[PDB]
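In the text below, chain A, chain B and the rest are named by the order of the sequence lines, each starting its count at 1. Hydrogens, waters and symmetry mates play no part in the numbers below; they use all other heavy atoms, side chains included.
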Amino acid sequence: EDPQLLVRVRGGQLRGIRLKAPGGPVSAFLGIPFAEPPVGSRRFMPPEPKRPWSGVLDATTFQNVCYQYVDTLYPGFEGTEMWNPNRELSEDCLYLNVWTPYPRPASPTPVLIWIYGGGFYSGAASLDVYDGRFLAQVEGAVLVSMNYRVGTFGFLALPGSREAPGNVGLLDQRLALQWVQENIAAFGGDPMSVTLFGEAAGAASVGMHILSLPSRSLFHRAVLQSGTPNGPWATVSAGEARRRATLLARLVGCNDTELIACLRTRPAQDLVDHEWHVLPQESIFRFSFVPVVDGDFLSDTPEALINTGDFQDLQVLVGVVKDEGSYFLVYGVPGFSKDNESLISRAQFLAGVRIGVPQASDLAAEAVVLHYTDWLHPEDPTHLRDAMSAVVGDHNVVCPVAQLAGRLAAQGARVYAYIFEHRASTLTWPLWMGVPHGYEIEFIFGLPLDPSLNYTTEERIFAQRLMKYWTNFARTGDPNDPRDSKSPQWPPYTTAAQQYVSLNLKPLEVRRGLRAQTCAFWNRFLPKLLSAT
Amino acid sequence: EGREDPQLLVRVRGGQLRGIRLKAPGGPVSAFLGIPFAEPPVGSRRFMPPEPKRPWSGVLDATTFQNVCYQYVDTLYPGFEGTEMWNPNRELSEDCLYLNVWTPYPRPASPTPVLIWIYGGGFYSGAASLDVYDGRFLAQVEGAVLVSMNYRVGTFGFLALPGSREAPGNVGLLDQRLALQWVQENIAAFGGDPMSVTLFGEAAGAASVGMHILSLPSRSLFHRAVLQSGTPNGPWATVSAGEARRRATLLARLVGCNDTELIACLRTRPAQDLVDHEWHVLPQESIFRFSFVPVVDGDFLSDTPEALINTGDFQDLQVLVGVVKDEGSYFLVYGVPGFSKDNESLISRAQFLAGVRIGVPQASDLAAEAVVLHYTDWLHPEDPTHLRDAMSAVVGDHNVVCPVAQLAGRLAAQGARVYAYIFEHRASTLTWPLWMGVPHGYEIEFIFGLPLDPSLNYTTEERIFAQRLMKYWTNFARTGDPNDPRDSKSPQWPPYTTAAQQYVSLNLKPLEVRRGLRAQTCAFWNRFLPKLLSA
Ligand SMILES: *[C@@H]1O[C@H](CO[C@@H]2O[C@@H](C)[C@@H](O)[C@@H](O)[C@@H]2O)[C@@H](O)[C@H](O)[C@H]1NC(C)=O
Ligand SMILES: *[C@@H]1O[C@H](CO)[C@@H](O)[C@H](O)[C@H]1NC(C)=O
Ligand SMILES: CC(=O)SCC[N+](C)(C)C
Ligand SMILES: CC(=O)SCC[N+](C)(C)C
Ligand SMILES: CC(=O)SCC[N+](C)(C)C
Ligand SMILES: CC(=O)SCC[N+](C)(C)C
Ligand SMILES: CC(=O)SCC[N+](C)(C)C
């Protein structure tokens, strides 16, 4: 019995497992329950705290993945399968994972809490790219990650109902945050220094905790990688959530109480089978069951909340990858595939814009096409393919990020911004997709430090830099190395200078203006257009 | 005759003329100035098409410039060369339909290609007698026969009650056409070749050239065309029949006046009364807009210039078109609060938004916002230097650059041989402030070769630059190709096409080929704003 692997938390005793990182051992406590299983009558309901347990709970293995849609586009292909569930699916999935140094920290250590993405319809804390051991071992970090409910199970809402009030997957996340405040000190973690970080829907989730008062007492800093609470996909209105839940019920053969009661009888896969059938248009980067503007978790729209919020005591790190949109094009836009160059016609570009900007009117779509066409090369398939990616990336991630960065800065927050421009040497998606959505994560988590994974020496050195920025941010709210001189420093993002950095194999380079002209199109003009028309 | 210079006596259809020997720097040229080409359009003839001049008896003295057509005279900056150089330099009169001819001295012995100049001035002003339109350098140095005519401007040239007999519209264009007919019949008497006539003009003169391209009876009267900083299409060069009628009717009311009865009453008014009220009829507070301009009458213009350039067959056409670096800047001090020639005109964002309503006067609120958003530098949205320069760009692009881009594209797509330039040299002697850059009109003095006159104080490099330009323009006149058929060593000027969109920089440096005439921004003005308009 290794006493470093025995911890007493409020619910009882746990036994962890010693894992081997390249530089040495780490302690892992995996599959720790933070809620009562949300099964049976508890489906669609807020999470309840986990009851205490007898004896020593085995926390040596990852628990089940929350029940979800499994991707089938490219069976056996690593680029898609690396995101698919890697443990059995179950509604009984409300567990979290903690990595710490071995031996455990002698003094209170800054905590990083990871919230995974997956469109609010997928994801798991057990994926290889979210492996917290490198950060634990190399940077001495205490790293936590939780499973939260996704799809109908996490986000189906009949707003105003007792039995399906909405946003319960976010409440799962919050309960895990409360768990950390109550228990993380037992692992050597510092509850007075907690940094949330996440990517895509996970980043949107972090943003929602920034915008919801009860969460604000549970953390001190935030990192939003490639996602935001504002923007076209992260939230729905109460009316649209109700429509979707009501249509789904209809499709599976089902007064809110009666409707929700019948949905609770349905096998989990019956719900998932119809998950994608309730979206209002044919689209990409759109997800059926997402956080809802309920007037409770979210007191108003994220747009409203970011415009009027006071963010003076907040430090935030935000950014994007170079090719945010490319991934999504193979899931809906004719002409696109991983298995060829996806050189498209102008006709295919105009068709794709309707799918990539599915809420756009004819005129708005026309403006998108006119803005993104290179009028020197208006029919060039390479330009048109790359423009399609840009439209989807900018509409869904880059311009929402720019908007958030600007508002948070204007309203007193300390903001740092980046663009991530390095394509992993071992990437299995084609060259044309560039640096796609999701492919900074393996570097931030430090995977290239494992020589068995076949990254280059330069990628290992780059990962070590990134882990340092992130953990320095965790320690101080400033990603710069506190001892260590050398220009260039990473300056805060401001509305005046709009400074951000490129994260690639070259030294930090400071740039100004995050797609400034194009995001003015999306953030200023298109709103004026559809409010008038 | 008997004691006079025998090399200056010429007969035309209306009778005998006596010209004058002028000194150009390289030698003598012949000038026949103030030749009448129409009956004076006075009295009962006001607003009416021109009638051919009746023959005269004896020798007509053609040694001086004739009257300038009655027009508004700029008072913005009294005494200032930058404005006064465009003001009338002879007596204002409605008796003004005269033309000028310059030729080598002695006159050429074999038929010589002819260049015909049509001046600009917003269709409300201008004169063929201005110093910058002096044909002596082209005639002396390039051996050109150069012709320039006065044409009626303002109400006198362009007031229309469409469908009426007494004020049918477009009479200033008909004045131009009659001068072109005069050249066909008479220019051989001077050694000019009626089978090689090239029209060239700037601003409204360029617009006029374009309307001759688009009007059937003009097409037999010339062979090639040059449009400098102006087009027949675009927001200022034409009005609809209904708008012309509205303006004519309002003007009549303002001066105290059934179309016959209305026009009869307008014919009783002093010319100056019409001039004094002509600015009062524009529908908005605006710049780069003019009250009395060509009308889409279904006659001279059978359809809008837009329609005609979209459907026309221009296979037999060769055209040279282009713009200066700062088309808009001039106009800002005539209407946009915050702008002046006597300070740097650094403006606020508020003054930029206000300016956009004045510079894009027909724009709805949404379109104006589209413009502001496009032209704002979102890295420096409040910087007064960028805002000033953006105000200029808005007005230049909207009114000249994007209309030219549109014209060059349609013409090339529909069979024309098109050559395109941007002129980027600022005259060393320019009296307008530096912030205005290379303003509208300030290429002309170089095309006409004024720097060849040492008394004018241009630089040596400016002289060499002028000589190149005159070569380009005259080579184009001669052959439909501005390139020298000898000189393969000099860089070549490629035709503008829709595929490659090539055009050249005209400056002190050897020709540089560039691609795309404001391609992205002109997509906004020419493809997006029109689609917005439809709803
Ligand atoms: C630039 O000038 C604009 C026009 O005002 C005229 O010129 C200036 C220099 C004054 O002498 C004034 O009396 C004239 O009427 C002004 O609107 C503008 O404010 C001036 N720019 C600045 C701030 O110096
Ligand atoms: C040319 O320069 C001289 C000498 O300074 C000056 O007197 C004359 O007025 C200038 N000529 C012109 C055309 O301005
Ligand atoms: C199951 C997986 O994560 S695939 C491994 C891809 N990686 C080593 C480049 C992150
Ligand atoms: C709890 C564990 O260690 S699972 C195996 C994870 N690995 C594939 C990244 C090594
Ligand atoms: C494209 C998607 O929405 S899922 C892919 C996995 N990821 C989002 C977590 C990176
Ligand atoms: C009356 C005039 O033309 S003054 C301008 C003279 N300049 C064009 C040679 C500078
Ligand atoms: C409407 C005007 O711009 S008048 C200025 C003189 N110019 C046009 C002939 C150069």
For a quick check, list the donor-acceptor atom pairs closer than 3.5 Å between chain A and chain B, or say none.
from     : atom 1 : to       : atom 2 : distance (Å)
A:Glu366 : OE2    : B:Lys531 : NZ     : 3.0
A:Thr373 : O      : B:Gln520 : NE2    : 2.9
A:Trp375 : N      : B:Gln520 : OE1    : 2.7
A:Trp375 : O      : B:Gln501 : NE2    : 3.0
A:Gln498 : NE2    : B:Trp378 : O      : 2.9
A:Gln517 : OE1    : B:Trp378 : N      : 2.8
A:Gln517 : NE2    : B:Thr376 : O      : 2.8
A:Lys528 : NZ     : B:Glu369 : OE1    : 2.7

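- Residues A:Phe336 and A:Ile344 meet the side-chain proximity criterion, which asks for heavy atoms closer than 4.5 Å.
- Considering only heavy atoms from C-beta on, A:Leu526 comes within 4.5 Å of A:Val368 through its side chain.
- Side-chain contact between A:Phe328 and A:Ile355 is absent, with no heavy atoms from C-beta onward closer than 4.5 Å.
- Side-chain contact between B:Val321 and B:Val418 is present, with heavy atoms from C-beta onward closer than 4.5 Å.
- Using a 4.5 Å cut-off between heavy atoms, A:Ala367 touches chain B through backbone and side chain atoms alike.
- Residues passing the side chain to side chain contact (heavy atoms under 4.5 Å, CB included) test with B:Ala354, sequence neighbours excluded: none.
- Residues A:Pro232 and A:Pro400 meet the side-chain proximity criterion, which asks for heavy atoms closer than 4.5 Å.
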